[PDB]
Amino acid sequence: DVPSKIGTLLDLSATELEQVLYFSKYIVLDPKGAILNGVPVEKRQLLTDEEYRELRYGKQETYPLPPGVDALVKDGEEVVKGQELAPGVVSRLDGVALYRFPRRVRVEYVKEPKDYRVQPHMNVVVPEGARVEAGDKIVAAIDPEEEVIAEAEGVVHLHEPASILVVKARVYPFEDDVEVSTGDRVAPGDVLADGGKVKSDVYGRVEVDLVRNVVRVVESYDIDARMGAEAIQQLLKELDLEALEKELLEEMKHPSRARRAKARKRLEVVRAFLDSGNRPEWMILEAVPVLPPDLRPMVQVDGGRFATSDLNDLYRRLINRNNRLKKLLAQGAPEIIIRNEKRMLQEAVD
Amino acid sequence: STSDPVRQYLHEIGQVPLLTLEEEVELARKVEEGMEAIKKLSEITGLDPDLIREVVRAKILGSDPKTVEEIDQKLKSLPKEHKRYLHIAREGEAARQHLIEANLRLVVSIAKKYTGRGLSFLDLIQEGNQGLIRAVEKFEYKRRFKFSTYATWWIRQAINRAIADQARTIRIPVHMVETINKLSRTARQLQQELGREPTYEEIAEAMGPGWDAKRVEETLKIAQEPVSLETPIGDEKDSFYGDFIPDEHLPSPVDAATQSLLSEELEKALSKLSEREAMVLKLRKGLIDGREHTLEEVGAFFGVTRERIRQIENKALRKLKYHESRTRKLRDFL
DNA sequence: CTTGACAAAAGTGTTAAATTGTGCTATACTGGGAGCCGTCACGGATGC
DNA sequence: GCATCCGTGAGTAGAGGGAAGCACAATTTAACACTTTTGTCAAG
Numbered sequence: 001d002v003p004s005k006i007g008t009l010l011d012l013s014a015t016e017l018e019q020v021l022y023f024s025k026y027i028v029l030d031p032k033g034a035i036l037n038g039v040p041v042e043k044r045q046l047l048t049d050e051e052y053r054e055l056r057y058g059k060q061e062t063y064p065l066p067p068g069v070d071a072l073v074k075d076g077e078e079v080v081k082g083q084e085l086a087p088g089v090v091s092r093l094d095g096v097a098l099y100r101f102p103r104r105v106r107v108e109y110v111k112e113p114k115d116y117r118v119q120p121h122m123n124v125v126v127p128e129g130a131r132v133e134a135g136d137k138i139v140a141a142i143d144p145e146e147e148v149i150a151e152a153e154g155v156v157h158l159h160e161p162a163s164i165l166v167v168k169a170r171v172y173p174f175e176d177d178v179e180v181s182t183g184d185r186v187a188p189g190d191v192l193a194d195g196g197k198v199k200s201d202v203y204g205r206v207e208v209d210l211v212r213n214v215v216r217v218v219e220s221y222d223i224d225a226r227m228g229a230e231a232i233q234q235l236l237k238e239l240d241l242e243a244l245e246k247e248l249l250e251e252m253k254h255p256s257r258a259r260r261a262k263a264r265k266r267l268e269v270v271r272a273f274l275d276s277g278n279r280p281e282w283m284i285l286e287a288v289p290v291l292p293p294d295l296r297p298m299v300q301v302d303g304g305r306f307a308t309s310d311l312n313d314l315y316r317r318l319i320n321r322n323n324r325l326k327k328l329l330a331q332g333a334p335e336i337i338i339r340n341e342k343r344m345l346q347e348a349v350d
Numbered sequence: 001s002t003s004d005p006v007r008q009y010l011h012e013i014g015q016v017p018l019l020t021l022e023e024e025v026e027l028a029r030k031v032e033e034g035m036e037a038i039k040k041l042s043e044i045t046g047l048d049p050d051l052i053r054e055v056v057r058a059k060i061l062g063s064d065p066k067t068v069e070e071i072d073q074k075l076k077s078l079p080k081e082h083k084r085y086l087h088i089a090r091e092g093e094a095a096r097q098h099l100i101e102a103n104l105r106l107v108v109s110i111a112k113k114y115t116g117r118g119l120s121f122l123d124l125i126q127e128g129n130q131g132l133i134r135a136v137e138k139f140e141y142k143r144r145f146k147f148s149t150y151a152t153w154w155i156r157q158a159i160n161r162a163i164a165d166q167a168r169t170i171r172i173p174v175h176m177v178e179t180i181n182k183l184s185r186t187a188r189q190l191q192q193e194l195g196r197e198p199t200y201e202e203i204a205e206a207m208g209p210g211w212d213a214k215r216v217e218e219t220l221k222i223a224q225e226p227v228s229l230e231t232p233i234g235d236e237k238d239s240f241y242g243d244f245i246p247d248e249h250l251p252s253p254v255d256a257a258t259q260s261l262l263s264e265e266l267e268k269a270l271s272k273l274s275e276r277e278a279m280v281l282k283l284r285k286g287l288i289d290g291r292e293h294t295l296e297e298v299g300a301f302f303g304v305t306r307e308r309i310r311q312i313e314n315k316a317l318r319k320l321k322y323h324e325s326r327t328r329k330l331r332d333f334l
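Here it is, written out as structure tokens:
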């Protein structure tokens, strides 16, 4: 209903309000010391899905190598932007380059550049440039017949990777059991792996490399950003009507007519809430009322067929989508599936 | 822009690259190993296996929260040998999230073949996504079969069950919905062979044993959908179906006035009876509190046997009959 | 006013038959379809 | 200024109109055998 009542209180345009309400862009509620493009992130700042993912989960990219060709880099070797990881593909960011799937494992036995063909249904259990004791498994397989083990001690080298993954992260090798696990978030100075012996120097999400015996911290921030009416509801709850009224009253002293007209319209809505006693957050629904059934009847007619009102179908759609969201949340569905359900629930209420 | 919810969803799922064969195997192996580690952790720690997977899932997802932190700290206090299974559980939960996200294109291709059967396209996709999640848990990568071979069965099943449960205003059981679909399919085949609409007898014979024409007609009556009250009638948009349906529930003014006239005339005739005689009839017929009272409760209230009330109740009835015949004041009400 | 003493009716318990709800299927399959201008003409409010 | 968005346009009547199958487990329904009720026919 133009002009928007929610938008007037929150100083948001119609375009901005629709983007947040229908799950198009994020809005910042707590920056948590995040820097985007060299500029610190402020509150009430609109972020795109690409920008939010970079700040929350870090930056990384994978480059698929052509068959047969071999990369000129090593595992765990740092690269710079534009550096040629492979002759056929170039990188687009700086970070640590790690092998994804070595199509051929060239174990150097010590008694020996023996060549092993690794099928896609097989996985390597030892890292590159590592000492493997005699009798230990080297490449695991579904069928024990095709399983490859270590004939003797030697150095295992990886060759012909399927692709190279470049992730902007910091590697901290650990000696003893790690005090954190995969999925945790750390800050500079926190005890990382060896009970304080190894500590992180940057914010990020920690993932544990058991095979490589290193701890990786992908640079990111624990930023608080939300979409939908949930983020709008919290903003309305934190509003101070008394403080806002004083601020708008001072702006009313501007000699410019345009500013005075703008401040008067906002102050009219603020005063209406103060006098009536209503709360701004009541404009967002938590419980949906249901009309009495006799006002939306389902009655039989002189014959045998039934007749019903359109409101019963609209109520059925809302219940069906609300119940499906409860089941999806309990199963730990990914955010993409959850976000689609929430957007559909908002449209059903409309 | 953003006016099409279907276009918005397609753009979002297109940002996840499709998995290669090598990548698919690794994710499937990680999920299976993680599930086994959860079972191993529960046996050692003695806690519920269902509860442990939630604590691991909560940490991976991020953002009762009070007890989640408490249980997680106990797991991290285990020695190095037991802490290894914690690492496997965490990696398995992250692989399950990535495995589901990379197969969202498969459900859209399947779900587009079920449109026009009572559910919107977005509703079909969401129901198919539930089937995709189920296939991930039950998938076994040791058989060397590709994921799309096994996941297709679960995605199609979820869409079919949702249609049979949510596409009708008056819900019909799944077993009867299948019967209705078979009945319609059989009639169509007979129609193109006979060159005309088949009769109920012809449909019943082709349906199979245990079917007669009576059962065919009864099934067709069940499969009738209700009609809308706001259906426009005529070209001008001022008349609707609900403008022609009377209400038969509330009594009419004529019916309400007849009840009042009967009551005042009945109580006038009761005054000709004795004080005790009138009370017996008013209780044995239920003119107080609305409930009829048997010869026992009436006897309990008045402290007399049930054979005595029977006679006086009948005696008062016969005196009313004589009075009515001489005046004819209570006959028109029947 | 009461006792007796049936006789049908109403009430209860068990159980088999009918109906209803739920899980599963292993070649491989991975971004929708429909629409199409005598597009109604005119103020009023708002954004910029 | 000039672009974009949004709500508004007489009354009463009539009269036609109006796309899988299977197995198995729970769950509800119907039949049927006693058993307490509770109206009654007959005395006294």
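First to last, the sequence lines map onto chains A and B. Heads up: the first sequence is residues 1 to 350, going by the numbering used here. Heads up: the second sequence is residues 1 to 334, going by the numbering used here. For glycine and all other residues, C-beta sits at the position ideal for the given N, C-alpha and C.
Contact criterion: CB-CB distance below 9 Å. Does residue i meet it with respect to chain A?
i: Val68 (chain B); result: no
i: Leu86 (chain B); result: yes
i: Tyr200 (chain B); result: no
i: residue 337 (chain B); result: Summary: the structure shown does not reach residue 337 (chain B), with chain B confined to residues 1 through 334, and so no result is reported for it.
i: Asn160 (chain B); result: no
i: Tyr150 (chain B); result: no
i: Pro251 (chain B); result: no
i: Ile245 (chain B); result: yes
Between residue i and the ligand HEM, is the CB less than 8 Å from at least one heavy atom?
i: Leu122 (chain B); result: Summarising the ligand content, the structure contains no ligands, and the ligand HEM is consequently not present.
Name the chain A residues that come within less than 8 Å of residue i, Cβ to Cβ?
i: residue 336 (chain B); result: The question about residue 336 (chain B) has no answer here: the residues shown for chain B are numbered 1 through 334.
i: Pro5 (chain B); result: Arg343, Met344, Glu347
Where DSSP assigns a beta bridge to residue i, which residues make up the other side?
i: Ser228 (chain B); result: A:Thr308
i: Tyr26 (chain A); result: A:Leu47
i: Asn213 (chain A); result: Answer is none; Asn213 (chain A) lacks a bridge partner.
i: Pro161 (chain A); result: A:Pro102
i: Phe139 (chain B); result: BP columns for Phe139 (chain B) are empty, so no partner.
i: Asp224 (chain A); result: A:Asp30
i: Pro113 (chain A); result: A:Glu108
Got a sec? Which residues, its chain only, sit under 6 Å from residue i by beta carbon, not counting five neighbours each side?
i: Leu75 (chain B); result: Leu86
i: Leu274 (chain A); result: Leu241
i: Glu175 (chain A); result: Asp194
Looking at the C-beta of residue i, does it have a partner C-beta in chain B at a distance below 9 Å?
i: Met344 (chain A); result: yes
i: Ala287 (chain A); result: no
i: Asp49 (chain A); result: yes
i: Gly183 (chain A); result: yes
i: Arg264 (chain A); result: no
i: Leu165 (chain A); result: no
i: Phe101 (chain A); result: yes
Kindly indicate which residue of the options has the alpha-carbon position closest to the one of residue i.
i: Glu230 (chain B); options: B:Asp243, B:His293, B:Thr149, B:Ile155; result: B:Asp243
i: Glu219 (chain A); options: A:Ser24, A:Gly7, A:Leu36; result: A:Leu36
i: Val89 (chain A); options: A:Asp177, A:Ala140, A:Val105, A:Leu72; result: A:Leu72
i: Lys59 (chain A); options: A:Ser256, A:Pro292, A:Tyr221, A:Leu314; result: A:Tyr221
i: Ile172 (chain B); options: B:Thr199, B:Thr219, B:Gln130, B:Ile133; result: B:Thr219
i: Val139 (chain A); options: A:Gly7, A:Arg104, A:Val171, A:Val110; result: A:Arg104
i: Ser163 (chain A); options: A:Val198, A:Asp184, A:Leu98; result: A:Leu98
i: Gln8 (chain B); options: A:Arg339, A:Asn213, A:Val167; result: A:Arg339
List the residues of chain A that residue i touches, going by C-beta distances under 9 Å, in chain order.
i: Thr2 (chain B); result: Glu18, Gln19, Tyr22, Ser24
i: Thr169 (chain B); result: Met298, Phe306, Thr308, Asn312, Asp313, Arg316
i: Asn181 (chain B); result: The premise fails here: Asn181 (chain B) is roughly 21 Å from chain A at the closest Cβ pair, so nothing lies under 9 Å.
Who are the neighbours of residue i on chain B, taking C-beta pairs under 7 Å?
i: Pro334 (chain A); result: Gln97, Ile100, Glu101
i: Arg324 (chain A); result: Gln126
i: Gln331 (chain A); result: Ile133
i: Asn320 (chain A); result: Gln166
List the residues of chain B whose Cβ lies closer than 8 Å to the Cβ of residue i, in chain order.
i: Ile142 (chain A); result: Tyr141, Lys142, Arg144
i: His159 (chain A); result: Under the 8 Å cutoff, chain B gives no residues; its nearest Cβ is about 15 Å from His159 (chain A).
With a CB to CB cut of under 8 Å and the five nearest residues on each side skipped, what residues in its chain are close to residue i?
i: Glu341 (chain A); result: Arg321, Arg324, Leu325, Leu328
i: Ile133 (chain B); result: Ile100
Short of 7 Å in beta carbon distance, which residues of its chain neighbour residue i, apart from the five on each side in sequence? Order them along the chain.
i: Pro102 (chain A); result: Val118, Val124, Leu158, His159, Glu160, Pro161
i: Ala206 (chain B); result: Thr186, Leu190
Just to make sure I have the definition right: I need the residues of chain B whose C-beta is within less than 9 Å of the C-beta of residue i. Which are they?
i: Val186 (chain A); result: Correct list: empty, because the minimum Cβ distance to chain B is about 13 Å.
In chain A, what lies closer than 7 Å to residue i by C-beta?
i: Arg90 (chain B); result: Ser181, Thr182, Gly183
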